[PDB]
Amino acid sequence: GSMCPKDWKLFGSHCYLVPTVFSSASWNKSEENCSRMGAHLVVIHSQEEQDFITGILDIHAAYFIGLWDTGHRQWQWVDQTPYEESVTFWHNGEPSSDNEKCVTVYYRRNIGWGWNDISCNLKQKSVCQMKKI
């Protein structure tokens, strides 16, 4: 049958969903909602994944991704796969603050999509991924 659950979007080996009804939540609560679906906050390893994920988002909203600071700019993916500084999509001037331990993706007008470090406790939208069948 289908490689993805109903209403999930296929790209590469993964299935993606923006949980629309789940209202804005903290990074921990967003990861927990992904987890309830057998998924994780998105783990963005490539330009192709950054482009696909941002293609299914609303340019007017900011979305938590599965990247967090375990120390002092020691970025870790929620699935613990390697973080590669050379393949990142930080907005200009980001990351900005050792007090901002979670990461969102949002659209800057006349620039495009990029990552921003933010307070883990701020409520944001999110995007989930899982392996396909």
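For every residue, the number given is its place in the sequence shown, counted from 1.
Looking at 104-112 and 34-42 together, the entry lists the larger mean B-factor for 104-112, computed on C-alpha atoms. Comparing the deposited coordinates for 1-9 and 123-131, the stretch with the larger average C-alpha B-factor is 1-9.
Across the options 51, 85, 94, 69, the residue with the most elevated CA B-factor in the record is 85. The deposited CA B-factor of residue 47 belongs to the middle third of values across its chain. Ranked by C-alpha B-factor against the other modelled residues of its chain, residue 81 falls in the lowest third. When the modelled residues of the chain are ordered by their C-alpha B factor, residue 65 lands in the lowest third.
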